[PDB]
Amino acid sequence: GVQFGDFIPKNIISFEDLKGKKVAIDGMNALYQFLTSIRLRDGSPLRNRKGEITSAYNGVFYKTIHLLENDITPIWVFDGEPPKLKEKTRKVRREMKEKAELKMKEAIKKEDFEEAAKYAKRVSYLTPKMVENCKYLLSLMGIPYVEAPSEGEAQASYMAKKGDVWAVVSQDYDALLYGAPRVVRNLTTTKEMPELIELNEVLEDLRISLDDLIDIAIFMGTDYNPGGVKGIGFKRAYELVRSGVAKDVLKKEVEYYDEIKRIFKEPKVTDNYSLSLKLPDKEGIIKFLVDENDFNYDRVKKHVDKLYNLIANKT
Ligand SMILES: [Mn+2]
Ligand SMILES: [Mn+2]
């Protein structure tokens, strides 16, 4: 995401002070995180006996239970990967590049079929099927998830803004740009201590509005304008913002500047979800995790029993 780190106020928070909170988890961010940090001794991804990567399933299961043991009730938010994904103020132009000049012509030679295999992989190790498998696992676990209309980080931010959850869990700071009141990092990966970022604190301390923060983000470069503007960093961008000339500069330097802004200010969201937890299907989890994905039986058994009691007691 946007490298705000060194430039915005934030504070380390203990797992204890996070007890009893509801959180919306940025699903894809979490999955990618598990894939890069949950690996073998040699840095190789976790895999079952068929050679399929199980890194994500491991984090989904154990990380989610770890959170519930500390009275942190999570709701998983996914992007809803399938084709259509228009972020309801997001149809005018792109979402990929299928619109114009995306290189369209006649050609389908040896390299074309060698390229046949040369696509799906683009979807990194985190494949749609793996993502679908993670959702299935959550259902078996009785853990609720939402398939956002488009960007999951936007859906999670909206849920937090509404007060349905206390914060958005993610390793990225981008949720702040969608108005998320709070973001908590380092829960999906615990190398460092949990870190809380309160949007109100960021704005008051830096003396800027959310709209100003988004401008700084645009200067630095968002997923919507990679590379940002002329190598300008946070300091220089913040300088232009405080001077009151940032907006004029961005209109000149960034095509579709207004469109990008609308993505953060007017994302497509949904109210169709539930934070309710359900009892876990112990048998189905064992079959999926142990039988089909070679997880250690003993460990899984112990955890599904603990998960059941947590939800039973929570509920
Ligand atoms: Mn992002
Ligand atoms: Mn995302």
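Annotated for the range 208-267: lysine pairs at least 8 residues apart or interchain, Cα distance under 19 Å, count 10. Couplings for the range 184-191, taken from phi via the Karplus curve 6.51 cos²θ - 1.76 cosθ + 1.60 with θ = phi - 60°, read 10, 9, 6, 10, 6, 8, 10, 3 Hz in order; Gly and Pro are left as x. Exposure proxy ranking for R236, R185, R41, based on other Cβ atoms within 10 angstrom of each Cβ and starting from the fewest, stands as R41, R236, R185. Here the dipole of the chain is about 480 debye; that uses its Cα centre as origin and unit charges on the Cβ of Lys and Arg (positive) and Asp and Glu (negative).
Site pair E98 and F15 shows an inter-label distance of 4.3 nm when each label is modelled 7 Å from Cα along Cα→Cβ. Every helix of 4 or more DSSP H residues in the chain counts as -39500 (n - 2.57), and over all residues that averages to -11500 deg cm²/dmol at 222 nm.
Hey, quick one: spin label on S124, modelled 7 Å out along Cα-Cβ, who in the range 68-99 has an amide N within reach, i.e. under 17 Å? Within reach of a label on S124: 77-82.
Dimensions of the range 168-262 along the principal axes, based on C-alpha atoms and rounded to the nearest Å, stand at 41, 26, 23, largest first. Note on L275 and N309: the model spin-label points, each 7 Å out from Cα along the C-beta direction, lie 2.6 nm apart.
Relative to the longest principal axis of the Cα atoms of the chain, the long axis of helix 210-220 lies at roughly 90 degrees. Of interest is the spacing of the C-alpha centroids, which for the range 212-236 and the range 4-51 amounts to 25 Å. So what's the net charge close to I208: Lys and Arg +1, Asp and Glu -1, counting the other residues with Cβ under 10 Å from its Cβ? Here the charged neighbours net out to -3.
Rounded to the nearest 0.05, the FRET efficiency derived from the C-beta distance between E69 and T189 at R0 = 22 Å is 0.80. Whole-Hz Karplus values for the range 232-242 come out as 5, x, 4, 4, 5, 5, 5, 5, 5, 5, 5 Hz, taken residue by residue from phi with 6.51 cos²θ - 1.76 cosθ + 1.60 and θ = phi - 60°; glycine and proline positions read x.
Counted by neighbouring Cβ atoms within 10 Å, the residues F234, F78 run from fewest to most as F234, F78.
How high is the relative contact order of the range 208-267? Use alpha-carbon pairs under 8 Å, at least six apart in sequence, and give a whole percent. Relative CO of the range 208-267 lands at 30 percent.
Exposure proxy ranking for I13, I285, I218, based on other Cβ atoms within 10 angstrom of each Cβ and starting from the fewest, stands as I13, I285, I218. Placing +1 on the Cβ of each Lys and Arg and -1 on the Cβ of each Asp and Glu in the chain, which of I53, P144, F219 has its Cα farthest towards the positive end of the resulting dipole? Result: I53, furthest along the dipole toward the positive end.
Taking a ≥ b ≥ c as the square roots of the Cα gyration tensor eigenvalues, the range 1-207 comes out oblate, since a/c reaches at least 1.5 and a/b does not exceed b/c. Rounded to the nearest 20, the size of the Cβ-charge dipole of the range 53-149 about its Cα centre is 560 debye, with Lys and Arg at +1 and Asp and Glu at -1. Karplus-derived 3J(HN,Hα) values for the range 124-141, using 6.51 cos²θ - 1.76 cosθ + 1.60 with θ = phi - 60°, are 5, 5, 7, 8, x, 5, 5, 5, 5, 5, 5, 5, 4, 4, 5, 5, 5, 7 Hz; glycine and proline are entered as x.
Computed over the chain, relative contact order equals 25 percent, with contacts defined as Cα pairs under 8 Å that lie 6+ residues apart. Counting only DSSP beta bridges with both residues in the range 1-207, the antiparallel share comes to about 40 percent. Amide H contacts of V23 (H built 1.01 Å from N, in plane; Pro and chain starts excluded): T73, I75, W166 sit under 5 Å, all sequence-distant by 5 or more or on other chains.
Because the Cβ atoms are built from the backbone with ideal geometry, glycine has one as well, and the counts that use them run over all protein chains shown. No lab work stands behind these numbers, since they all come straight from the coordinates.
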